[PDB]
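Those protein sequences? They're chains 5 and 7, same order as listed. All you need for the authors' numbering is the position in the first sequence, starting with 1, plus 62. All you need for the authors' numbering is the position in the second sequence, starting with 1, plus 14. Heads up, the beta-carbon is just placed ideally off N, CA and C, and yes, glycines get one too. The next block holds one structure in the form of structure tokens; read it before the comments.
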Amino acid sequence: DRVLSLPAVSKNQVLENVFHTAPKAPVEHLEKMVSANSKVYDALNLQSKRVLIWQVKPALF
Amino acid sequence: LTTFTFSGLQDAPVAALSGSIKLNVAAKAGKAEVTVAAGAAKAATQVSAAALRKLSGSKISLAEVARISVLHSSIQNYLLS
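Shown next as structure tokens:
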């Protein structure tokens, strides 16, 4: 019964209690806000090819 | 606007109110020396009292070029707001 003197908690159960959650990448905040601010650029810039300024305030000609 | 308009060079604006554009009129009894100055450019012509009255003869009648309609663009401007 030498196995009953070994630590009963497995090496697996250490690696799933220490590494419980997949950690958040540093770059996943950049490349997720950048793709969402690229829609703020598109709609709201005045130099974009798809501005909403002629759709929401139609021009007086 | 109506067919006949009765304004021009009488009780007119004599000067600009801003500084972005400098207006100077010089009214005589018959004509007026206007002097406009906007940015670097300048212009000064002679406007007769019967030259401003022919201005409102053919109307401009501005109208909005909308993507879909003026109604839709006012709802979409509110959703954008």
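Taking CB distances under 8 Å as the criterion, tell me whether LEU108 (chain 5) reaches chain A. Within the model displayed, chain A is absent; protein chains 5 and 7 are what it includes.
Tell me the residue span of the alpha helix (DSSP H) that contains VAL118 (chain 5). 115–118
Can you pull out the residues from the segment 50–82 of chain 7 whose beta carbon lies closer than 9 Å to at least one beta carbon of chain 5? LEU76, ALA77, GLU78, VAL79, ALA80, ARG81 and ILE82
Coil, strand or helix - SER70 (chain 7) by DSSP: coil
C-alpha distance - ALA87 (chain 5) paired with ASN99 (chain 5), whole-angstrom precision: 19 Å
Pick helix, strand or coil for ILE35 (chain 7), following the three-state DSSP scheme. strand
How many Å lie between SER88 (chain 7) and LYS101 (chain 5) at the Cα? 21 Å
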